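A short reminder: the numbers here are calculations on the coordinates, not readings from a lab. For neighbour counting, all protein chains shown are included, and Cβ atoms are generated from backbone atoms with ideal geometry for every residue, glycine included.
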Amino acid sequence: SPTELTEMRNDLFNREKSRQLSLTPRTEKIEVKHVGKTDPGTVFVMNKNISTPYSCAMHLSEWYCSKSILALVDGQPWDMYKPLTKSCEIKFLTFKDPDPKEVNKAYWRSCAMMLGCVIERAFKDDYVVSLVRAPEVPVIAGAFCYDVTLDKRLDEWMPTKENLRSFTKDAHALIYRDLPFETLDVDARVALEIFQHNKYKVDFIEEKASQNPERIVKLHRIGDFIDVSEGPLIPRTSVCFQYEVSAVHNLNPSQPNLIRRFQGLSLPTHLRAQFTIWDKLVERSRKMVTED
Amino acid sequence: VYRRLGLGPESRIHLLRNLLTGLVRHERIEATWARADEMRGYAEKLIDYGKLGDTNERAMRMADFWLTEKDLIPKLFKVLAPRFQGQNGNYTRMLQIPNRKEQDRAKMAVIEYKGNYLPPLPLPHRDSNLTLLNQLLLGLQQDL
Amino acid sequence: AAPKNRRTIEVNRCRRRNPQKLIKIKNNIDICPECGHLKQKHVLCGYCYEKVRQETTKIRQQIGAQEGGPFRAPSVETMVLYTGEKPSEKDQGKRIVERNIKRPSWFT
Amino acid sequence: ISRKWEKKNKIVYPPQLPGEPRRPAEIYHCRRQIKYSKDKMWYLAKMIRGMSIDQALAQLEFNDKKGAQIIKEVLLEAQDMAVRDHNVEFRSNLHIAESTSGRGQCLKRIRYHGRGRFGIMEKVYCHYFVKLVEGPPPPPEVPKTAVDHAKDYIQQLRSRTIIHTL
Amino acid sequence: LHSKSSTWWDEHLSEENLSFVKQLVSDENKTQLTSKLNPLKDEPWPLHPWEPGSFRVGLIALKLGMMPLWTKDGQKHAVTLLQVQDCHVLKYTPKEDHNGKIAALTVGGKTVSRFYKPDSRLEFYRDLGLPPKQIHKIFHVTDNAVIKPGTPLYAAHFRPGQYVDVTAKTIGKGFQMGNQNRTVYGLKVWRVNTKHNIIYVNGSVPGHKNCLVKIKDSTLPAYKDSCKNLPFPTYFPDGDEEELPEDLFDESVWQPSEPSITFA
RNA sequence: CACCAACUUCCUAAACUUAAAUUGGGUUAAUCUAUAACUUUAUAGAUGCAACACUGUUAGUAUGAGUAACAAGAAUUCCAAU
Ligand SMILES: [Zn+2]
């Protein structure tokens with residue numbers, strides 16, 4: 001049953017957190033200097049592997065927390081809730097930054113991860129649904145895509161308008177739940193065990209482990225659901241204001257399993273859109289998006 | 001179409017004359033928002049009189065009356081008018097400034113002549129196209 | 001005009017605590033990237049604008065000294081130059097104002 | 001004159017045991033003498049009740065009343081001492097638990113009139129009391145739904161007890 | 001602050017995207033209007049023949065102003081100008097569900113911008129496939145005269161020589177007043193301009209110039225059944241049974257370019 | 001072809017008969033003295049000894065009321081500046 005997998009998946013996530021907490025003895029003070037454009041040069045003494053960019057935002061003002069979606073630690077994108085590791089230079093990334101391309105990717109990946117969570121729980125436990133991967137497509141494409149392989153029983157079933165609306169309801173509930181994106185870097189061996197049943201997830205874990213010298217892989221967890229991530233993700237699911245499951249396209253090579261690429265569009269609260277604009281974007285997001 | 005200003009119709013024009021003379025001399029004046037809006041139309045029309053030509057006898061009578069200081073009259077025909085020859089309008093830039101903290105809380109604005117030598121005002125900037133929403137709109141534009 | 005009897009504090013308390021008489025909150029508050037200070041969406045930042053006026057006063061002071069007399073407004077265009085910038089041929093036929101300060105970063 | 005609001009800020013709690021939750025910080029700050037009407041200051045106090053430190057500061061900055069400027073200075077002073085003396089780690093993590101204004105000692109003078117009349121001149125002063133609790137403001141109230149109201153009515157009918165019978 | 005912020009459609013739009021947005025809006029308006037141009041070619045509801053007691057739908061028009069109009073008798077008559085703009089049927093209400101005596105039809109004209117309107121209003125119009133209209137008004141129409149929603153209505157529905165009833169909100173004068181719905185009855189139509197859908201109506205009409213008004217057939221007892229000799233449901237340009245002249249004139253009206261009237 | 005309704009009346013416990021100037025008798029708050037008592041009491045002897053009301057007197061604070069009401073020519077390069 002899927003619930004059993006989530007239970008064991010949740011536990012290993014919890015045990016890994018305890019091991020990392022146990023790994024760090026005492027609290028080590030790290031001098032982080034604020035290189036952000038506003039209030040530059042402020043130096044915070046912080047607890048290593050404990051303090052997060054959100055804590056620094058709390059130190060300064062609430063405006064920092066609300067408008068900060070990511071952090072640039074030594075010029076590197078860092079999740080707002082990712083514990084700080086060393087003395088560094090920290091800058092806060094917002095949706096209105098001159099170059100949000102790095103922010104766009106994190107929002108793009110987080111939206112895809114949320115879509116994957118909806119698919120697995122949307123179908124009944126009787127049917128077999130396996131997540132293959134989240135394809136990376138440009139923001140210019142107009143829709144974020146998630147690939148999933150269905151069971152033979154669902155080969156003849158296509159979502160209707162009501163079925164698509166049901167998916168949005170699950171996605172909307174997730175946004176309403178406002179579940180923070182937990183972040184863990186885990187070795188392949190543990191990651192492979194966590195997703196052993198899903199062979200497609202197994203290879204993706206191997207790919208990430210292959211790229212880096214170590215076997216450490218980036219795992220993100222929304223509530224019970226867990227998934228691998230190409231890069232940093234949004235701190236919380238509440239960031240999205242508009243969400244839509246535009247359409248589903250079934251990949252032609254469906255002989256072993258019916259691989260479906262689902263199209264969706266989402267907008268953050270920082271970037272609201274007019275009703276007509278959203279309607280056109282949703283219509284423009286119902287077209288098949290290839291990877292180039 | 002006119003704000004009820006001054007102790008009489010003459011006072012409004014005289015007050016406008018005082019306001020107009022100061023703006024020409026300095027090219028950037030801070031005043032109450034209502035006054036700045038009222039005098040903006042006069043300033044634009046004055047530039048047209050400068051464009052009409054220095055030789056225009058009617059322009060001199062308008063310039064002489066409106067500008068108390070006569071050193072500005074050569075300036076209008078030889079500085080303001082040449083400057084705005086390319087422009088077809090919008091010679092004056094008026095922006096809202098935070099209200100005066102003088103216990104009366106008057107609405108404040110700054111009116112300046114465009115093309116001036118003064119430092120540029122901190123104008124508002126529209127969102128860049130690099131933003132996620134703009135990038136999404138760019139994709140829609142490309143497809144169409 | 002006085003009511004025929006004293007107004008009770010209870011009656012008075014209700015009148016003053018009615019929502020119509022209470023102070024309303026405003027949600028149009030915005031942040032100024034330029035100064036890093038608060039602003040209204042329809043109001044320009046004053047911390048940066050204050051710099052412009054202060055520079056304008058300094059520029060105006062230099063012009064006043066250069067003119068050296070009242071009613072001496074030139075009939076020719078005017079330009080401002082800062083230390084490190086020297087008058088060019090394009091600046092010919094224009095009043096030139098020299099500023100001891102170097103060209104401000106914001107001013108171009 | 002009584003200055004017990006300050007004494008409330010001088011309260012020292014007993015050392016908490018290791019198996020005891022971290023006590024939320026409470027800061028009592030007040031300005032005793034303000035040349036302003038308490039009623040006008042109360043209106044400002046009433047609106048800001050329960051708001052966060054940052055939200056209150058933002059609202060005050062764009063307020064036109066003189067009292068609002070005084071409150072902002074008082075609020076800023078309270079925040080400074082809260083971090084300095086009450087161990088408030090995060091500046092943003094503060095909310096206005098309590099805000100109220102009190103009467104202050106006045107001055108008595110006679111108001112002359114040009115035509116032989118006179119009036120009672122009074123110089124008003126007031127006190128301003130605020131208690132600040134470290135942490136975010138508490139969540140706002142949620143109105144009762146139709147289901148909630150209906151259930152209570154049935155419970156009330158069941159809860160009824162028979163009167164003056166065996 | 002984790003608090004609500006005020007936004008407008010142009011807040012987050014860049015200049016390049018802002019120009020594109022304007023083009024996109026114009027394209028949508030053009031496509032939607034063209035789609036609804038042909039009502040009879042869009043599965044029209046059955047049209048029934050006229051019988052006594054039938055009531056036609058009314059229209060919404062804009063008051064351009066007044067100008068002098070001359071008749072073949074040489075007399076000058078001041079006439080008011082009414083323009084029908086983007087008049088379309090929006091929602092049909094069944095007789096039982098609205099009023100047991102008669103059913104009603106909702107008609108809206110004078111298309112408006114979509115930027116500063118609630119999403120709920122846009123949602124209803126998106127289903128209708130038409131751009132939002134400034135005013136919604138309800139007209140009592142008999143079952144036989146019911147028309148499918150989305151049918152374009154034109155000034156040609158009325159004809160010269162027909163008396164009509166116009167109701168509009170009166171000009172408000174502030175504290176002194178006005179701004180009250182009022183109706184003028186028994187106004188004859190002198191001429192109709194089909195190209196611009198301008199109806200020339202005798203007399204004055206309440207309201208300021210450029211003010212939307214509601215136009216319905218005269219309810220006076222004398223003109224109880226005038227629709228028998230008029231397009232009974234409405235005038236359908238899509239049918240094009242006979243192309244009407246661009247300008248429709250009453251017989252007494254003296255058309256311009258006619259010979260100077262001599263009182264012989 | 002009845003019932004209701006008053007402390008009228010009966011009943012258990014008790015009680016022993018219904019306007020107001022005027023008239024007889026028994027107590028008592030408070031303060032001080034005599035002599036005692038000793039968490040605030042007694043017996044005697046005393047008195048500036050008890051106030052919702054004298055066009056009473058003093059002080060505090062309300063209500064009307066945050067109401068009536070009130071105020072400085074313009075710009076700038078600046079209040080002993082233009
Ligand atoms: Zn600024």
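See the values below:
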quantity: Positive-end extreme of charge dipole, chain B - chosen from B:31, B:103, B:8 (charges on Cβ); calculated: B:8
quantity: The protein assembly as shown: antiparallel DSSP beta bridges as a percent of all, rounded to 5; calculated: 95 percent
quantity: Unit charges on C-beta of K, R, D, E only; dipole of chain A, Debye; calculated: 480 debye
quantity: Percentage of interatomic Cα-Cα distances in chain E larger than 33 Å; calculated: 29 percent
quantity: For region A:37-125, diffusion coefficient by Stokes-Einstein and Kirkwood Rh (Cα), 4 °C, 1.567 mPa s, µm²/s; calculated: 90 µm²/s
quantity: Per-residue [θ]222 nm for chain E (sum of -39500 (n - 2.57) over DSSP H runs n ≥ 4, rounded to 500); calculated: -4000 deg cm²/dmol
quantity: Centre separation in Å (Cα based) which lies between region E:1-32 and region B:1-47; calculated: 36 Å
quantity: Three-way shape call for region D:88-160 based on the alpha-carbon gyration tensor, with the a/c threshold at 1.5; calculated: oblate
quantity: Chain D, helix-only ellipticity at 222 nm - DSSP H runs n ≥ 4, -39,500 (n - 2.57), divided by all residues, nearest 500; calculated: -11000 deg cm²/dmol
quantity: Residue B:108 long-range amide H proximity, modeled H, under 5 Å; calculated: B:33, B:97, B:99, B:100
quantity: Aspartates and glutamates whose Cα lies under 18 Å from that of residue A:152, excluding same-chain neighbours fewer than 8 positions away; calculated: A:120, A:125, A:126
quantity: Of D:65/D:123; B:75/C:51; E:36/E:195; E:22/E:173, those spanning more than 25 Å from alpha-carbon to alpha-carbon; calculated: B:75/C:51; E:22/E:173
quantity: Percent RCO, i.e. relative contact order, over chain C, from Cα pairs under 8 Å lying at least 6 residues apart; calculated: 15 percent
quantity: 20 Å Cα-Cα threshold exceeded, pairs from A:96/C:39; A:105/A:169; A:17/A:101; A:169/D:151; calculated: A:105/A:169; A:17/A:101; A:169/D:151
quantity: Kirkwood hydrodynamic radius of region E:115-201, from inverse mean 1/r over distinct Cα pairs, in Å; calculated: 16.3 Å
quantity: Whole-Hz couplings from phi, Karplus 6.51/-1.76/1.60, listed for region A:24-32; x for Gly and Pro; calculated: 8, x, 6, 10, 9, 8, 10, 8, 10
quantity: Sites matching trypsin sites (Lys or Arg not before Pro) across region B:1-33 that sit in DSSP coil, with at most 11 neighbouring C-beta atoms within 10 Å; calculated: B:3, B:4
quantity: Cα-based convex hull, region A:81-145, per residue volume (Å³, whole number); calculated: 142 Å³
quantity: Region A:141-224, Rg to Rh (Cα coordinates; Rh as Kirkwood inverse mean 1/r); calculated: 1.04
quantity: Separation of alpha-carbon centers, region B:55-84 and region C:51-79, rounded to whole Å; calculated: 19 Å
quantity: Convex hull of region E:75-172 built on C-alpha atoms - directionally averaged projected area, nm²; calculated: 9.2 nm²
quantity: Under the Debye formula (equal points on every Cα, no solvent term), log10 I(q)/I(0) of the protein assembly as shown at q = 0.09 Å⁻¹; calculated: -1.35
quantity: Rg over Rh [alpha-carbon atoms, Kirkwood Rh] for region B:1-95; calculated: 0.95
quantity: Per-residue HN-Hα couplings for region B:116-128 [Karplus 6.51, -1.76, 1.60; θ = phi - 60°; Hz; x = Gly/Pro]; calculated: 6, 7, 6, x, x, 6, x, 6, x, 10, 6, 5, 6
quantity: Computed over region B:1-48, Kirkwood Rh from alpha-carbon pairs, angstrom; calculated: 11.1 Å
quantity: Sum of -39500 (n - 2.57) over DSSP H runs of 4+, divided by residues of chain B (222 nm, nearest 500); calculated: -14000 deg cm²/dmol
quantity: Rg in Å to one decimal, and Dmax rounded to a whole Å, for region A:92-187 via C-alpha atoms; calculated: 15.6, 48
quantity: Taking A:91, C:58, C:86 and counting other C-beta atoms within 10 Å, the order from fewest to most; calculated: C:86, C:58, A:91
quantity: Three-way shape call for chain A based on the alpha-carbon gyration tensor, with the a/c threshold at 1.5; calculated: oblate
quantity: Dipole magnitude (debye, nearest 20) for the protein assembly as shown, charges at Cβ of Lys, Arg, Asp, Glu; calculated: 6320 debye
quantity: 3J(HN,Hα) from dihedral phi, region D:48-58, Karplus parametrisation 6.51/-1.76/1.60, rounded to Hz, x for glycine, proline; calculated: 7, 4, x, 8, 6, 4, 5, 4, 4, 4, 4
quantity: Residue A:182 long-range amide H proximity, modeled H, under 5 Å; calculated: A:221, A:223
quantity: Whole-angstrom gap from region D:121-166 to region D:1-70, using each part's C-alpha centre; calculated: 23 Å
quantity: Cleavage-rule hits, chymotrypsin sites (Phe, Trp or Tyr not before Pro), region E:1-70, DSSP coil, Cβ neighbours within 10 Å at most 14; calculated: E:8
quantity: Rounded D (µm²/s) - region A:217-292, Kirkwood Rh over Cα pairs, Stokes-Einstein at 4 °C, 1.567 mPa s; calculated: 87 µm²/s
quantity: Whole-percent pair-distance distribution, where bins are 10 Å wide, for the alpha carbons of region E:1-91; calculated: 10, 19, 23, 25, 15, 7, 1, 0
quantity: Translational D in µm²/s for region B:28-144 (Stokes-Einstein at 25 °C, 0.890 mPa s, Kirkwood Rh from C-alpha pairs); calculated: 143 µm²/s
quantity: DSSP-assigned coil residues among GluC sites (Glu not before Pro) in region A:217-292, each with at most 12 further Cβ atoms within 10 Å; calculated: A:291
quantity: For residue E:248, residues with placed amide H under 5 Å, excluding near neighbours; calculated: E:192, E:193, E:194
